[PDB]
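Given next, in structure tokens, is a single chain: the form deposited in one PDB entry.
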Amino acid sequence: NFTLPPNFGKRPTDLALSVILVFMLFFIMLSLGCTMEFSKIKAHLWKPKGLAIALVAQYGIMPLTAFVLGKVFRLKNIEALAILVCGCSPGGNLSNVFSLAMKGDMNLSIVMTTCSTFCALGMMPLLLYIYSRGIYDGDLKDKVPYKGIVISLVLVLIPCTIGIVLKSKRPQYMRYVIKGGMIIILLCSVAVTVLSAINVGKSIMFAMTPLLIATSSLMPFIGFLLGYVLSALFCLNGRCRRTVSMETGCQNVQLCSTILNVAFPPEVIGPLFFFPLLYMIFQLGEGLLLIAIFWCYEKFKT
């Protein structure tokens, strides 16, 4: 007996939530690109070792771990498909700030995020085709957004390059600009948490299911651990290890929601309509825990 709120899409609270999300993204990207250099980005582009290992880790671990979790946990056909689309999605921009929290060579982080988004728009239908075989004999190849991906990539790169230019041109705006941006980010985050709690209501109890919670808990943690292990095994720098892992662990869950909404009616995808939200909150919690653990470990090294 799963029932969505009577007016979910059309409500002042939902429009407000979307507006604050957009503002959060813009200000986060501006204050996050305010700590990069063009020369380091060019150097990372000209040395594609880190980008290659990051892409290999993402597109060979996340879809594979989603498929293995779906097979092991004996999920339904729709449930096993929902996790698979999340696994095939590109790494989100949360990885950039998450790596910022661990001093992780931000130029490599932004390079990996951009190239991962491009390779996603290139090869996500291929991964879906070769991994979905067995569930949903349907196509699902024309449901992944294509122009939207590149438009979003450009629209998130614009504030990043604006911040980079601001840092390179005149640095005395940093203290005034950075603090304000941070303040905006904190206010927007508390507002977005409150608004999400208000909008979701008591309907979140329906989608928690022990299996859904379990898979959405292991998947980001498994991604983090596997990415770190692979980066360490490839004899990479300690700074690059953290960013590679915490990029391969994060995912862009908006694509999974949009594709599922386009392909299937809401009633078919009822209980797992909130799966992207569960993945987002679980990955946020695990990232915060990892950041706290790393900071405590660094405090031990003084």
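Rigid core: the largest C-alpha set superposing within 1.5 Å between the two forms. Residue positions are given as counts along the sequence shown, with the first one as 1.
Not pictured, yet referred to below: the form deposited in another entry.
Only one entry in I164, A80, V97, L127 has its C-alpha moved by 2 angstroms or more between this form and the one not shown when the rigid core is superposed, and that entry is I164. Residue displacement note: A263 has its CA displaced by at least 2 Å between this form and the one not shown (rigid core superposed).
If you fit the rigid core between this form and the one not shown, you'll see the Cα of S152 move by 2 angstroms or more. Comparing the forms between this form and the one not shown on their rigid core, the Cα displacement of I222 stays under 2 Å. Relative to this form, the distance between the C-alpha atoms of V150 and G92 is increased by at least 3 angstroms in that other deposited form.
In that other deposited form, the CA atoms of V192 and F275 draw together by 3 angstroms or more relative to this form.
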